[PDB]
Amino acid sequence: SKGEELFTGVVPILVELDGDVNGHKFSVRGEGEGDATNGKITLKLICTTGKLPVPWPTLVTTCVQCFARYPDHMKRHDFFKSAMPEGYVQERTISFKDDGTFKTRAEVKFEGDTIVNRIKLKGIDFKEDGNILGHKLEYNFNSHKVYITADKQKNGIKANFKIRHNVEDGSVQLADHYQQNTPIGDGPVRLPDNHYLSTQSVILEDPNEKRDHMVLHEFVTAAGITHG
């Protein structure tokens, strides 16, 4: 169908985040491009309000899963691309184990020849000396499995996963991710069989950049289904 026809080449990405964490109001704007044909996503995210009140690794999951590499036999389970022309709504609850929680609502839609991901984030109950508000998380990212299961009742999908953050002392700050995606258009989308996304990420910096920013590389590939 359509949707999958749009991600055949490189598609620009624009990210707009407006956040409130414990009263800290910030805004992130990022630029990049996507390439589902290989699993690739490239973003540069800048904090336009100044210094980010939280570590950048906390915002990776929040700041485009339609750019995943689905194998041919599993393309009938690509919910993200099937709903894309109109877009989808990505809702998330992120529960940091020993600290506050994030609540995010995003609209990921097509704005012309550009993929736009507009997010609203509100986190509360954070420790002023925790690993999040204390900036004790390492500046790298791990590899994780994103478990995607269909949600027939809402004509969408739900996904769950566990986000290993490395802390400066060699411990791990767990961010438990609960997610649900619902299409914005009034159309027939593909509800998938149970599968997962094997994700590899890379967090870098730009040496010539004086702004609070993060450069995010994403390589995600879907698996978990042998048709039979």
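For every residue, the number given is its place in the sequence shown, counted from 1.
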Next item on the list: Could you bin the unmodelled part of the deposited chain lying between residue 68 and residue 69 as none, 1 to 3, 4 to 9, or 10 or more?
Entry: none
Next item on the list: Averaging the C-alpha B factors as listed in the entry, name the stretch that ends up higher: 200 to 208 or 215 to 223.
Entry: 200 to 208
Margin query: Using only C-alpha atoms and the B-factors in the entry, which stretch averages higher, 174 to 182 or 187 to 195?
Written below: 187 to 195
Notebook entry, point to check: Out of 136, 118, 92, 127, which shows the largest CA B-factor listed in the entry?
Noted result: 127
Item checked: Third of the chain's Cα B-factor distribution that residue 81 belongs to, per the entry -> highest
Next item on the list: Among all modelled residues of this chain, ranked by Cα B factor, put residue 144 in the bottom, middle or top third, i.e. lowest, middle or highest.
Entry: lowest
Next item on the list: Compare the C-alpha B factor of residue 150 with those of the other modelled residues in its chain, then answer lowest, middle or highest third.
Entry: highest
Check: Once the chain's modelled residues are ordered by C-alpha B factor and cut into thirds, is residue 33 in the lowest, middle or highest one?
Finding: middle
Item checked: Lowest, middle or highest third - CA B-factor, residue 9 -> highest
